[PDB]
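In structure tokens, one chain follows: the form deposited in one PDB entry.
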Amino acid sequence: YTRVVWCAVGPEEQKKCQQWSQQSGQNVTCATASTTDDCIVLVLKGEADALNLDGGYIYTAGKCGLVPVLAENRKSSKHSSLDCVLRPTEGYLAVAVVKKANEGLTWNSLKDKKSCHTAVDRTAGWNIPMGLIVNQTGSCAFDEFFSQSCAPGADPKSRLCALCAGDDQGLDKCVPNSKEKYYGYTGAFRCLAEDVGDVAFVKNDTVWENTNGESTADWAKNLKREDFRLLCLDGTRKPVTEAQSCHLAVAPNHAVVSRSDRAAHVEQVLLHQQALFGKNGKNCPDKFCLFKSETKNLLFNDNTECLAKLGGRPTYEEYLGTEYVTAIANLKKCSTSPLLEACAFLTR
């Protein structure tokens, strides 16, 4: 079985993956599920092989035995010309973000406001913010800390899904895939933009990429960096350029995961795949660009140069950073989920 079956979360991702299968002559094939958690289960069953994952999902899969194959990697300023696949990863910034126009809203007045989150269990969208809010307030009731949210993946009869828009017909509110208008990085930021929420937790890179003519997408052509601000943990606010000084935390980059018995096959298949279709591969754009989704972030984030190598053969823990595994761990004392419970024994 040479083919690497890839896991597409949601129908929009499934289409780009169907495309990739066709271009790759079945070097890659598609399986899908509605959610990432579901996909992780296919990867476990052996029904799929691999998929690229936010660091928080990496911890879920990590727990269930899956391991990290190659990290997503983006442009760089520091050391900005060693080869992409061997150049170390620099992480990204998880930020709290607001309309500038609104005032009196700051980290310390967040309680009882309205939130937009990438989706539940994700790193910047969720794990970091809710992480801190737990440590600070000192209670496990983050489900009630904000007045309402969009938090795809949460309980959809609950308040954390109260603000989610669903798709075009409004079907499937709160399903944590790209058919939910406010899903993921761009979803969240848009939930901010349309004033459905007060704060939105995202990465620095997400505001720059959807303001000031960078997206030519109806919801975001006219958006202006000026109209937004970043809450720091100071109590303070700064514009988006000071993100380095105004960020909640540093996050580990998305990364591909698979089963260990499938890691090397997958890593190799992918390295060739990116050479074919990656940022500067033979066939991109003449044929297929693996890293472009028109700002919809499918399979991969659109600002990925290449998938890069990892020091040794790490585990979720080496890969994520021991500092983060604890932040996630401690947040997770305040809530259970099917997959961590079902897999808890593997890692005891």
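From 1 onward, residues are counted along the sequence shown. Here the rigid core means the biggest group of C-alpha atoms that line up within 1.5 Å when the two forms are laid on top of each other.
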| item | value |
| --- | --- |
| Higher-deviation segment by CA RMS in 9 other deposited structures of this protein, core fitted, 229-237 or 71-79 | 71-79 |
| Which of 310-318 and 24-32 lies farther from this form in 9 other deposited structures of this protein, as RMS of C-alpha positions after a rigid core fit | 310-318 |
| Third-or-more of other entries without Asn330 | no |
| Flanks modelled, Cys17 absent in at least a third of other entries | no |
| Mean C-alpha temperature factor, higher of 127-135 and 221-229 | 221-229 |
| Stretch with the greater mean C-alpha B-factor as recorded in the entry, comparing 75-83 against 239-247 | 75-83 |
| Criterion, highest CA B-factor; candidates, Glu103, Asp155, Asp167, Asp121 | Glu103 |
| Residue with maximal Cα B-factor (values as given in the PDB entry) among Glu267, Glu214, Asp261, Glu180 | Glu214 |
| CA B-factor placement of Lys45, once the chain's modelled residues are sorted into thirds | lowest |
| Cα B factor band for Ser21 (lowest, middle or highest third within the chain) | lowest |
| Third assignment of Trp107 from its chain's C-alpha B-factors | highest |
| Where the record places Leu171 (Cα B-factor, split into thirds across the chain) | middle |
| B-factor third for the C-alpha atom of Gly311 within its chain | highest |
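Omitted from view is the form solved in complex with a small molecule, to which the following refers.
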item	value
Site test, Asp37, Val120 and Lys332 vs the small molecule in the deposited bound form, non-hydrogen atom cutoff 4.5 Å	yes
Candidate stretches 186-194, 143-151, 120-128, 98-106 - the one whose heavy atoms come within 4.5 Å of the small molecule in the deposited bound form	120-128
One residue of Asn297, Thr60, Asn52, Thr304 in contact with the small molecule, assessed in the deposited bound form (non-hydrogen atom, 4.5 angstroms)	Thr60
